[PDB]
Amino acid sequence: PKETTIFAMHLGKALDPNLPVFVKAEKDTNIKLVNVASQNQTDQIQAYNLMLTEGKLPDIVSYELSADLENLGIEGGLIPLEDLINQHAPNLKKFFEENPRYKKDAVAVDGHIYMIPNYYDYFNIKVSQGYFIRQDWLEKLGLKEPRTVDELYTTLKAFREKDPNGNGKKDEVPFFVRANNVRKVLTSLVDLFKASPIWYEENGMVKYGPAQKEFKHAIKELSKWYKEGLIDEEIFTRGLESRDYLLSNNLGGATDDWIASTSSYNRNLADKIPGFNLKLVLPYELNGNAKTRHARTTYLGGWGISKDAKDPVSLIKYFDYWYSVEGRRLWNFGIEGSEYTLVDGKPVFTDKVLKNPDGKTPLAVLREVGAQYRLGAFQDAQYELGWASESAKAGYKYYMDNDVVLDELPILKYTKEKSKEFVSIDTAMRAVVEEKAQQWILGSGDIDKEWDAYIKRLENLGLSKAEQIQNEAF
């Protein structure tokens, strides 16, 4: 039994090594994880920053912000992994050989690998979020499916004012989102208005979304919709249970969220809310613009081995376990005999996952056992297709066939000084954006009055230099 410290959080939860997935991994690898993040910590960014001041680094450092993680490597906090992989990680060695695009995500500008990313199965499923609306509420109110942002506005107003759930109460929450930080709230609100809360590419150039007039318009509109009760008054505080709560209580009318899990509610709530039909629609058009910037990335976050780890060989073997057939299946599907059984050598989920008696989504059930826990593993789309509804599967194709999805800007990588400065600027600007966007949407500040000063503040923090760094790396 090898006791191994780790910093690991995901979706606001510190990794619990007693979860079934990690107990099995412990048996198979003899690695016993001990988290340095405690169970009452839910802010991964603040926890990571605090962790950096605590002295000795944990053996394994997992983090969702890969640019920060790579900077830690460049500074010597994380060790290079490439020799460790070549000598002791045959599964990872093979994975990088077979997948050059994925290998590119793991290699820093200086040629070292400081982290193993958590890869999506991008070349099998590359869409992410889509727009959903309560078709049964449309039918009840005699309304057509809205196809433009103005029509959405009018439709949401009808949801708010005309009691579509039929209970005589003004309790409807027309548009809602699902998030565990301010960035994710903004992400699922501003795409409506063809804005972006992050960096994006435009004709060969890299631009900062929150500095654009499209973002100003998005926030100004959202402020109006907020005041009129068309978007959830609790958007910034409701947290990751928002969708579960608002749909299961027949309050929510529309959202922007991941296609498979959001599609699971029709079956999930069919008995509880007769006629419930939360239906995928193409992104609403804004003056003819039919595009969404919601796309799956090749990876999200990653983990590395710190300079303070006593036994890195043992740890790279732990990293490698997740790329074995059995280890990858474990990460993706949970435990054989519990979450799935093998049928002709292929995992098929059980009723526990597919027909959960407490209305948990299939993905929610899988996360509860430690499956899909973001570390540095490789997702398998067969897991997603294994619980996705027929409507979800048709939905992927709907979005792809209609060419509405714009690829995400890959995370750019820089040389050491530029990387340190970019992350510093990017982080400082993020704080300003998230402060002002809340103030403006909630009505405590006036965006028309304050926008120019906000832009000057971003510039003061280094927006132009960040723009230059981004475009050199592009």
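The first residue of the shown sequence is 1; numbering continues from there.
For the segment pair 58 to 66 and 27 to 35, the entry gives 27 to 35 the higher mean B-factor, averaged over Cα atoms. With 99 to 107 and 303 to 311 compared on mean CA B-factor from the PDB entry, the stretch scoring higher is 99 to 107.
Ranking 172, 358, 380, 233 by Cα temperature factor from the entry places 358 first.
By the numbers in the PDB entry, the CA B factor is greatest at 270 among 365, 375, 127, 270.
Residue 140 sits in the highest third of its chain by CA B factor, as recorded in the PDB entry. For residue 266, the recorded CA temperature factor ranks within the middle third of the chain's modelled residues. Remark: residue 388 belongs to the middle third of its chain, ranked by C-alpha B-factor as recorded.
Among all modelled residues in its chain, residue 414 ranks in the highest third by Cα B-factor.
Annotation for residue 45: CA B-factor lies in the middle third of the chain's modelled residues.
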